[PDB]
Amino acid sequence: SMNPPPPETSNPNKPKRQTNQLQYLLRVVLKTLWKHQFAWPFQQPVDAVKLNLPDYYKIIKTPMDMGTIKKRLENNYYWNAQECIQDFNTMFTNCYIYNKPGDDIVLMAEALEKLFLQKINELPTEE
Ligand SMILES: CCN1C(=O)c2cccc3c(S(=O)(=O)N4CCC[C@H](N)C4)ccc1c23
């Protein structure tokens, strides 16, 4: 078995911006979700070897996780909040693709995604 390289968290040639909305996504949205009792499976890339999910990266070709998102935010990786929101949506969608309704992991994602949508319903003003 073999895990792939994890998603990049630094890229000097990518254009970057420190937006009020991006700061909010790190200080409030990510840090709040991070402390949820159901966040731990999402705090790092899937270790398919450890978890004995040898088919995970046969199915999931755009992996994402909150640890990667947290690093990108702290390293000022994004140009705008929509880029970061899209990473969150990739993380949730990957879980719904690989797993099935009713699985414990899907219940955890469903709960986190509802909280996620509550927190981003209102972002601070692009002053
Ligand atoms: C979110 C990424 N991701 C998956 O797609 C996925 C599929 C099956 C298990 C599993 C685990 S686990 O084995 O540690 N465990 C966590 C909580 C209780 C669940 N029954 C499974 C951690 C993170 C995972 C998975």
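Atoms considered below: every heavy atom in the structure, side chains included; atoms not considered: hydrogens, waters and symmetry mates. Numbering of ligands and ligand atoms starts at 1, following listing order. Numbering of residues begins at 1 and proceeds along the displayed sequence.
- In summary, the atoms of ligand 1 found under 4.0 Å from a heavy atom of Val46, numbered by their order in the structure, are 2 (C), 3 (N).
- Considering both main-chain and side-chain atoms, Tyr56 never comes within under 3.5 Å of ligand 1 through any nitrogen or oxygen pair.
- Note on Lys114 versus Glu110: no salt bridge recorded, every NZ/NE/NH1/NH2 to OD/OE distance being 4.0 Å or above.
- With ligand atoms numbered from 1 in the order given, ligand 1 contributes 17 (C) to contacts under 4.0 Å with heavy atoms of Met108.
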The test is side chain to side chain donor-acceptor pair (under 3.5 Å); show your working for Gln23 and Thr19 and say whether it passes. CA-CA 6 Å; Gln23 305 177 331; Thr19 290; over 6 Å; no
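- Proximity to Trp40 (heavy-atom distance under 4.0 Å) selects the following atoms of ligand 1: 14 (O), 16 (C), 17 (C).
- Side-chain contact annotation: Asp87 with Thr90, donor-acceptor N/O pair under 3.5 Å absent.
- A search for ring pair (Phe, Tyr, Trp, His ring centres under 6.0 Å) contacts involving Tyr56 returns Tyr98, not counting sequence neighbours.
- Residues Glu83 and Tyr77 have side chains that never bring a donor and an acceptor to within less than 3.5 angstrom of each other.
- Contacts between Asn99 and ligand 1 below 4.0 angstrom, taking non-hydrogen atoms only, involve the side chain exclusively.
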